[PDB]
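By written order: A, B, C, D, E, F and G. Residues from 1 in each chain.
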Amino acid sequence: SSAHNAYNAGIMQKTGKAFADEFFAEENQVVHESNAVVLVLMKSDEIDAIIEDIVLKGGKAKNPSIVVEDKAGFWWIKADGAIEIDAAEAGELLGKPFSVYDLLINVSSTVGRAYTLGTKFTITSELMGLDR
Amino acid sequence: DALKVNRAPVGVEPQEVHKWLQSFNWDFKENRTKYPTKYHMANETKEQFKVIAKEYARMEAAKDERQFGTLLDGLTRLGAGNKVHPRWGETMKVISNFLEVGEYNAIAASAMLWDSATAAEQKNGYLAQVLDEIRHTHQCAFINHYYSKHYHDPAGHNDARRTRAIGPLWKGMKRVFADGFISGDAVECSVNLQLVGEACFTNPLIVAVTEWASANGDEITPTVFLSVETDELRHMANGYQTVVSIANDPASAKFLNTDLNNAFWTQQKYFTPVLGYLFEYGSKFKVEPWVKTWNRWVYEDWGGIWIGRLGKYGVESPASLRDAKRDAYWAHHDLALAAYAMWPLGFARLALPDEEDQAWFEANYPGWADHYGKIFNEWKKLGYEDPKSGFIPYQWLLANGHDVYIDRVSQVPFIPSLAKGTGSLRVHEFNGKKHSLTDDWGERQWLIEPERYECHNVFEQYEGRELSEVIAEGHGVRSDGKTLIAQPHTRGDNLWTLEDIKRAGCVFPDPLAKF
Amino acid sequence: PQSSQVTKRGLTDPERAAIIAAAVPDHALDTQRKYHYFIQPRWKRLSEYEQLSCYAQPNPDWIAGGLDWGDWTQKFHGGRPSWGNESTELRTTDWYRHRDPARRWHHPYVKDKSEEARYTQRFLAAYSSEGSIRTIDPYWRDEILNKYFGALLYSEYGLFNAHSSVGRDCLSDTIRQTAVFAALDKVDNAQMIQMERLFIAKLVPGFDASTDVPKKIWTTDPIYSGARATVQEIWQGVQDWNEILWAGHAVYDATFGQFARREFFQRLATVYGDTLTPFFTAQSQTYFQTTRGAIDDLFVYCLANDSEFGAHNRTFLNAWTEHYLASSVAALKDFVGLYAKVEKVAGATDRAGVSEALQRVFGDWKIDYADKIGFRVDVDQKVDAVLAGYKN
Amino acid sequence: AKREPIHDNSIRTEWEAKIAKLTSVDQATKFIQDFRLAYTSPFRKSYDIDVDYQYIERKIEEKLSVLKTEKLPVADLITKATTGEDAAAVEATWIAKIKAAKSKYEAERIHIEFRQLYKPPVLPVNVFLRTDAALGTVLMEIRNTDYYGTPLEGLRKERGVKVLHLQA
Amino acid sequence: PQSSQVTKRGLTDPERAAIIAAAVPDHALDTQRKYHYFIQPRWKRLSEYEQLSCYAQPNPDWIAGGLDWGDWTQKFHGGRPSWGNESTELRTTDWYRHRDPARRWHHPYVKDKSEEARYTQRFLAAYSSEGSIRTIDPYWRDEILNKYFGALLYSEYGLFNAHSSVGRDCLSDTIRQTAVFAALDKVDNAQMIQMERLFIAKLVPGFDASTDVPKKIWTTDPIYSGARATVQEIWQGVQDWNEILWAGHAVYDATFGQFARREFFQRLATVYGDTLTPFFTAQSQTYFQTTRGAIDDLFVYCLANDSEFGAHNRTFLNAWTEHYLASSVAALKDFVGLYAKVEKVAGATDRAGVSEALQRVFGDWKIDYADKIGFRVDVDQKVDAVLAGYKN
Amino acid sequence: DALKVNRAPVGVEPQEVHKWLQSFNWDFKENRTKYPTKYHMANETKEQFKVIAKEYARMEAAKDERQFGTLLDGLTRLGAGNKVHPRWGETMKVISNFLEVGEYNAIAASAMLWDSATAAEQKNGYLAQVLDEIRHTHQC
Amino acid sequence: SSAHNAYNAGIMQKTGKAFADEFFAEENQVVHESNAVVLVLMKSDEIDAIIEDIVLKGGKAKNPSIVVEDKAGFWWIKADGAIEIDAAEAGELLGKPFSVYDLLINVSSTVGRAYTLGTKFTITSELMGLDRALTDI
C-alpha cells in the first residue's frame, strides 16, 4: 500500500538512460508475477459518482492499496488482490434502476479475472479453476 | 384453479434462463467441432458473465444510445470533428480502419471458438463475442464515417477499405490481428486471439490510445473506443476459461507454451512498432513514451497479472520476450523511417517531427537525434515536403545501400542497415523462390510451415513499376483524380499530385535480386 | 495528486486548442465526404447500413468481388486459405452483392431486440398481475405446451449452432451479419421458450419448468425423431456454409419450423385458451420473417440469378432442396402424430384442419422459395405424404 | 523485370483464353490438377505466374464447376470426385496416408498434395473440408511436437534451403 | 459572412476558456450535491423520479404540503384560486405524498411506450407476411371483433377525456404525472383498437375498418348502454378530480373495462382462433396494471390511510364506490347480452363460463380495491345481478 | 379464405389512425367544457401535426436518448459542467428553475385547453402538449 | 434580395443613440406586417447535412430570400413567404430511415404557420383558415 500500484511506479519514474538501463536489465527479461488487478472505468455521470462515493470511500477503506488515476477519458484503477463494485450500492447512489448489467455499460477494461455474482462485480488476482 | 392464482407481479430474470442453457445441448455422434485442433481436453466450463439474447441486446443498445447521442448531438454541435490536430486526425484514418479488420476477423475467430466449444454455456458466451466483434467493426467504421463528414480531410477516412491495399503496412495488419487469428488451430484462438490479443494488446491499442486522442483534441475516438472495450471483459473471460481446461489436461498442456510464445511474438512483431510509430509520430502532443506505455500494459500488467500468475500452473514467460522488449524501445523508430520514406503508398498525411518533437524523442530515447533525427532533418533539407522537389526518400535509401526488405512471415518492413530493433536478415532460396526472414521466431515458423506463409509482398507485385502508376491504379487519389491522398506534410497548401510523384521516377526493385 | 500526468485535452485546454487551431487548414482538403462512396448502392441511395458493412471483409481479387490482391499472410497448416472458394459449392461474380432488406447493422439490430427484451418483462409482470393464466386449458398447459413446446427449443437450439461454422467460413461482410443475426434469433427462440416455461412455473403449483422432460422428448420421442435427425445433419453433418443456410432456414425451418411454431403451438394456443404463448410466438415469427428477408436476398436475388452462375447454383440448390425437403417431410410426418394427443377441434385438429395447415405451410413455401429457384413441387403430394402420419 | 497491372494483364487474359477451350469434366479435371501441381504450394514446379496463379485457379475452378453441373448427374456432384473416384474412398485413403506418415516432412507433403489434387471442385466441398480438417489435425500435432527442439541451422538443412545470406 | 456575430464558445475558444478558468473557484462552494436533497424519500434512498418531480408544483402552505406562502398572484374572476382545496372532497396532511411505484417521470414513460410503438409495426409487418389471419374464425372477426371491440374504443376514449379536468385541477406533481400518463394510455388503447381494425382491413377483402358501425353500436346498442352512461357521467358529470380518478380507474375500468378487455375480447380470441387481438390486448392490459399501481398508491396508501383524514376519505370513497359499482354492474349486465351473439364454447361462453369470469373480475376487484377501503361487497350477489342479463 | 391471403408486409402508419380520431367523439348533452369562458364559437379544427400516442412516444424518446447521451456520456467526460463562467452558472439556477414553474403551469393550462376543445383532433393535440410540458418540467 | 432577412438587418445595424432614435421613433410604436418566416434548427449531424445540402442549395435556389445564420447551438433561418424541407430528400441524403417525424427531432422553433404534409415540412407566412386561396387548382 500503495505506491507500487501507481501508474508511474518503479521503472516508470525513470527517464532517458536510467530508464533504458532498468528496462534492459537481465532480471527484467522474464515476466514477474503480480498480485494486482487493473480496472478501467469509462468516465460518465454514473461512473464518476461510483468512483467518488464507492471506490474512493468504502472500496479504499476495505482495500487501502487501491490507486485511482485520471487518464482523460477513463479512470485507471489498480489494487492488490481484488476490486469489487456492488451495483445495488451504485443504484442507491444514483437513484435509478441499476442492475449489474447496467454497471458494465461503462466498465471499459480489466487486467485480471473478472466475474459477476449477483449484484456484485469483481475483478480478482485469483485464478479460479486453478487456485483452490 | 380457474378462480385462485398468485397475482404477485413477476417476470423472469436473465440468470433464471441462463441456469438452463447447459441442458440445451444433447448427445449425438457427430456433435463435435468441424475445425482442426490439437486440443481435445475436457472443457465443460461455466460462463462468467451470464447473458441471454434479450439481455445481450439491452446492454449493447444502452451503450450505443449514449455513444451516438454524444457523437451526433453534442460533439457535432461543438464542431468537435474538426478540432483535432491534423497529425492525429490523419492517424485515426489508419488506427480505426486497421483495427476494423482486426474486429472483423475477430468475428470469424470467435465463431471458430463457438464451433470448437463443447459446453452450451461456452457456445453461448462465444456467440455474444461474435456479435460484439460485429459491433466493433461498425464502431470503427463509424469513426471514419464521422471523420469523413466533419474533419478537414475526408480523403482516406472515406475509402480505406480499398486504398489500404496499396501500401506495405497493411500487409502486416492482415496477419497480426487477422490471418493469425483465424487460420490455424481453433481451440488455440483462446490463446492467440484472447489470452494474448484481447487480454494484452487491446488495452494499449483501444484504451490507452484514447488519452492520445484527447491530448490531440479528438473526443470522437474516446467516445467510441472506450465503449468498444467494455465488451472485452467478456471476451478475456471466455478465453481464460478454455485456457484453464488446457492447463488442467496434461495432454493439452504440452502444447500451450509453444502456442503462447508464437502468439505473443506474432502479435508484438507488428503491434509494437506500428502502434508506437502511430502514437509518437502521428501525434503532436505525446502522453508518455511508447516504451513506457508498453512496459505498463504489456510487460508489467499483462505479463505479471496474466502470465506471471499462470506461471504457478506451468505457463512460461514467452521465450521471445527479451527480443520483444528490444522492439518496444527502438522498433517503432525503425518503422518510422520506412513509413516516412514510403509515404506515397499510404493513405494518410504525415508530419516530420518538429523541433519540440525532436527534443522529446532525444530526451526519452537517447541516441535518437544522432540516428533518426539526422535522417529526418536531411530529408527535410532535400525537399521531403516540397512537391516540386522530385525527392522521395525510398530512392535515397537505395542510393545509400539502405535496402528495405519484407518479412515473408510477418510482412513487417526491415531496414537492416538502419535498424536498432530486433532483427537480422536471413535470405533462403527454396524450390527456386527467394525468401527474406528477419528474426529467429518467424524464421522457425517459415522453416517448419512454409505452406502457411506464401504471402506476396509489394516488391513482388510492383516489381519494375513506377510509383505513380501503382498509386493511380489503386485509387490513391482525391476526388480530383490527381492529388494524392497521402502527403509528406499536414498543411493545406502545396499538396502532391501523381505528376509530382512521377517526376521523381521511383521504380520498384527486387530487393532479393542481389542474393 | 496522481503519479502520472493529468493530460490536458486539446479540445478545451486553451494552449493546446490554440496550437491545434493554428495547424488546422482554413479549407477542406477534399469534397468527397461520403464514407466509402465507391460502394455500388443496391437502392436509390447508398445506405448507412452499406457504408458501415460493405468491404469490411478484406477479400483479394481471387475471391469474387474482392478489391485486394495477393495471398493471405498466414494460412492453415496444409494451405487452407483464411477465406477461400473451397468453402462452398456455390459461385458468384461478387460475394459482396448480398443486402439484408432490413439493412441491419449491429446497432439497429440490438436496438430492436432491446425493445422486445424490456417490453417482455413489463408484459410478464402485468400478465402475472392479471391472473390471465387461470383460463388456459390445463391439459394443453401441462401435457402439450410444457412438454412438446419445450422440446421444440432443442430444434431452435440446433439451428442456432448450425451457424457457428457459417460465421467462420462465409465469404462476405453482409452475409456474415445476416448469418450471425439469424443465429442469435434462433438461440433467442430457445431461450424464450424456456422463459415462458419458467414463467408458468411461477404461477402454477406443481408445474415443472425443468428441461428434463422436453429433452427426453426431443431425444427419444418419435414425434421429434425426423426433426432431430434433420437438425443434427444441418448443424453437424455438412460444412458448406451456403448449404447450411439454405437447408436450415429456407427448407427445414420454413416448413417444419413454421408448422411447429405457427400452425401447432401458436394457432392451437388460440383454440385452447392460451393467452400466454401467443406473446412468445409473436417474437419467433417476427424473427422468422426478418430472417427470411435476408436469406431470400442471398439465395434468390444474388445466387440463383447471378449473371454467370445462376443456373449452376440452382443445380446445387435443387439437389439440396430435394434432399432436405424429404427430411422435412419426414420430420412433419413424425410430428403430426402429436395431434393424437390433443383435444379434437373441428377445423383445427381434425384431418381437414391439419390438411389445411399443411397446405398453408407447403403452399407458402412453394411461393416463397421453390418457385424462385425453379424447384418443382406437388403441394398435394407433400401434404398427403405428411397426413400418412396422422392418426384418424 | 516489369510486372503488368495487378487485376488486368496479359498473363490472366491468356490463361482465360486457355480455360474457355475446356469442354469436358475429364479434360478440365486434368487441367486443374496439372495446374495446381505446377503452380501452387511451396512444392510447385514453377513460380512464373506467381502473382496471377490464384486468380487463374479461381477461373479454372469456375469452368470446372459449371461443366460439372451441365454434364454430371446430381448424385455424382454429391458422392464422387471428378476423377470418377468415390469421394468417401478418397477421404479414407488420404487420412490413412497421413496417419502412416513417419515425419512432419512426410505428413506435410501428403496434406499439400491432397489439396493440389482434390481441392474443390474436384472433390465435393463437404467431403473435402472434413478430410482437410482431419489431415490438418495430424499435421499440426506432429509439427508441434518439440517445436523448438531443432536448432535453426538444423531446420535449414532439413528443409533443404539454399542459404543465400545470413546477416552478422 | 453573416450579418451577426459568430459567437465564440466559452468551452472551446482559448481566450474565453482561459477567462472562465480564471474565474472558476478552485474548490466547491458546498458539498450538498443531491438535487432537492430535502424531499422525504419513499424508498431507501431518494430516486431520480422523486428529485425531478417532487415540489415542482408551487403550492403555498394553505394547500396541505405546500412549501411556499401567500396568495396566488392572479386568480379566476370571482376568486377561484389557481389551485385550491375546493377542487376535491378528499383531504390529506400532504398532497405531495403520492408516489408512482413504477417511478415514471416523462423519460422512462415515453422510452417504454417507444419500444411498444416500434415493435408493434415490426410485428404487423411480420404478421401480414405470415398470413396468420387465415385461421381466425370469420364470424368472430367480422361480427364480434370488428363491431364490438371497435365499439369499445369509445369507452377507452371517454375515459381518456375524463382526465382533462384532472390535469388542470389536481393538487400535486406526482399525482398530475400519474393522471396524465393514465390518460395517454387510454387514448392509446382507443387508437390501438382502431389500428388493429385498419390492419385487418388490409388483409381481408370487404372488411370495413370505418368507425361508423362501432360508433353506432356504442351510442345505440343496448349492449353498451350502461357502459356509455357511466363513462359520460365520469367524464363530464363531475369535476372532483379524485372522484374522476377513483370512479374511472378503480371502479368502472377495474370491473367493466377488465371484463370487456380481458375476459371477453382477449380470452375469447384464444377460443375462436384469433392470433392477432392478443397482441393488442397485451398492451392495454399492461397499461391497466401500470395505472393500477399508481391509482392504488394515491387512494389506498395516501388517501384511505392518511393519518388525519383516512376515515374521512373512506366515507367519500365508499359513497363513490356504492354509486359507480351500481353503474358498472348495470354496464356489465347490459354487456353480457353480447354472449347471445357468440358461438357457444363450453366453459367460456356458457352460463358457467361467464359466471366464473364474473367471479374473477368481482373477486379480483374486492381484493384489489374494496378490501383496501373497507367497502363491503358480496361477490356472489354482484355476479348474480350481472347474470340476470345473460340469455340462457 | 383459409388458404389464400395477401402476404405483402404491411403495418399501419400514424396518419392512418389519425384520420379516424375526429370520429372518436360522440354527442351528448353534457359534452361541454367545465371551465368558464367567454368564447363559445364553433371550433372543429384539424391538427397541423398528426400524432398518435405511440408516435408521440417514439419521437420524444428519440429526442431524449440523444440529449441524455450528450449529458451523461460526452459532456461529463469533458467535465463541461464546471467549464461555465460563475456568473452564468449562477444565472442558470434562476432561468432553469423559474422556467420549470412555467413549464409546470403550462401542463395545467394545456389540460384546460384540452377540456375546452370540442374537436377530438384538438383534444388529441392538447394532450400531446400536456405531455410535452411534463417533459419540459423534467428537463428544466 | 435577402439582406432584409439578415438577423442584424435594418435597425439592428445601429448602435448607441442611433439605435435608440429609430427604436423610439413614432412609426415604430406599432407592429409592421412582415411576409417573412423564421425557422430554427438545432445543430446536429443530421441537421448540418440538411442545412448544407438542402436549405443552402435547392432551398435557396427555389427561394433566394433565404438567410441562414450560425447562432452557435442552432441555425437561424429567415426567408420570404415560406421554407420547406422534404424529409424524403433528407433520408436520401442521410442514408437512413427519416420520416417527417424524425425531421422534427431537431426542428427547434418556428415564427410562422408550420405544418407537415406527407414527407414535407413547411413553415409559411400564409394564415391558413383566414387567407383565401388564389387558385382553384
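We adopt the following convention: contacts are C-beta pairs under 8 Å (C-beta built on N, C-alpha and C of every residue); 3 or more make two chains touch, one makes a residue touch a chain.
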{"item": "Among all chain pairs, the one with the most C-beta contacts", "value": "B-C"}
{"item": "Central chain (distance from its CA mean to the mean of all protein CA atoms)", "value": "C"}
{"item": "Intercentroid distance (Cα basis), subunit G paired with subunit C, Å", "value": "47"}
{"item": "Distance from subunit G to subunit A - Cα centre to Cα centre, in angstrom", "value": "53"}
{"item": "Distance from the mean Cα position of subunit F to that of subunit C, given in whole angstrom", "value": "38"}
{"item": "Residues within subunit G bordering two or more other chains", "value": "44"}
{"item": "Multi-chain contact residues (two or more partners), subunit B", "value": "2-3, 7, 9, 34-36, 55, 58, 62, 65-66, 68, 72-73, 78, 83, 149, 184, 211, 214-215, 219, 222, 449, 451, 454, 456, 461"}
{"item": "Set of subunit E residues in contact with two or more other chains", "value": "9, 11-12, 17, 112, 114, 116, 118, 125-126, 129-131, 134-135, 289, 360, 364"}
{"item": "Which chain pairs touch, all of them", "value": "A-B, A-C, A-E, A-F, B-C, B-D, B-E, B-F, B-G, C-D, C-E, C-F, C-G, E-F, E-G, F-G"}
{"item": "Interface residues, subunit C side, partner subunit A - complex", "value": "2-4, 6-7, 9"}
{"item": "Complex interface listing, subunit G residues touching subunit F", "value": "44, 101-102, 104-105, 113-116, 129"}
{"item": "Residues of subunit F that touch subunit E when the two form their complex", "value": "1-12, 16-17, 20-21, 23-28, 30-32, 34-36, 52-58, 60-62, 64-65, 68, 78, 80, 82-87, 100-101, 104-105, 107-112, 114-115, 120, 123-124, 127, 130-131, 134-135, 137-138"}
{"item": "Subunit F residues within the subunit A interface of the complex", "value": "71-73, 76-77"}
{"item": "Subunit C residues within the subunit E interface of the complex", "value": "11-15, 17-18, 21, 112, 114-116, 118-119, 122-123, 125-127, 129-132, 134-135, 262, 266-267, 269-275, 278-279, 282, 285-286, 288-290, 292, 348, 357, 360, 364"}
